[PDB]
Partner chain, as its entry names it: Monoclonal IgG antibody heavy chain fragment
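A single chain comes next, written as structure tokens; it is the form solved without the partner chain.
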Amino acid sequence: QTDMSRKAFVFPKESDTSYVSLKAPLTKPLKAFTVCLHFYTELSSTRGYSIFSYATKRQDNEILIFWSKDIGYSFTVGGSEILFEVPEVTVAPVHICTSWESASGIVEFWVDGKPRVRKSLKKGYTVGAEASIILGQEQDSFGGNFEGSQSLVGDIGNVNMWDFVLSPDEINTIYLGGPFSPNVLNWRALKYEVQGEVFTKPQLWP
């Protein structure tokens, strides 16, 4: 019931102890999902980092969004990874939405409201329910074994997660800032635990 509207988490130092852990209530296994977030960092030209870590007991990298230096975005599900290449790197806040479906196997990536081509990953796969969701590091185990080089220095916010694939119209609505009701992770009724040096401050982006 902690409303984090018009607020963002700030990691101002490079460390291996600062992070935030989010909690989801569901227990039914996931067959399709959508994740949307807003982030701002200046490490693109210096090294790679992690934007969203979702780990289960069996697999550490179950749903992970990564930035790889000189290559671009890396979306990994169930241990298998696809690359979305960006040639030019910009300095400004970035809004990313991602969606994955099981029966079809299609993966959709939206960067700042503009879609990328559709790819394929892990057809006929089930994502576990009991899991740890971490912002700040890229978990090599179940909520532990963090890596300093894979940390994030900057601001993160507007983290929402659904349990079904969103249509383009709803993605445009989210980008513009209309109303919506996520059913996995809600930015207006969020449960979280903060460990280390993490701060909560007004968001820079509009």
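Residue numbers count along the first chain shown, from 1.
Note that the form deposited with the partner chain bound isn't included here; everything after this is about it.
Site residues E170, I174 and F180 are all in contact with the partner chain in the deposited bound form, judged by any heavy atom within 4.5 Å. When contacts are judged by a 4.5 Å heavy atom cut-off, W162 counts as touching the partner chain in the deposited bound form. In the deposited bound form, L64 stays away from the partner chain, with no heavy atom inside 4.5 Å. Using a 4.5 Å cutoff between non-hydrogen atoms, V35 does not count as a contact of the partner chain in the deposited bound form.
Using a 4.5 angstroms threshold between heavy atoms, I51 stays clear of the partner chain in the deposited bound form. Stretch 162-170 is the contacting one of 162-170, 53-61, 66-74, 138-146, since its residues have non-hydrogen atoms within 4.5 Å of the partner chain in the deposited bound form.
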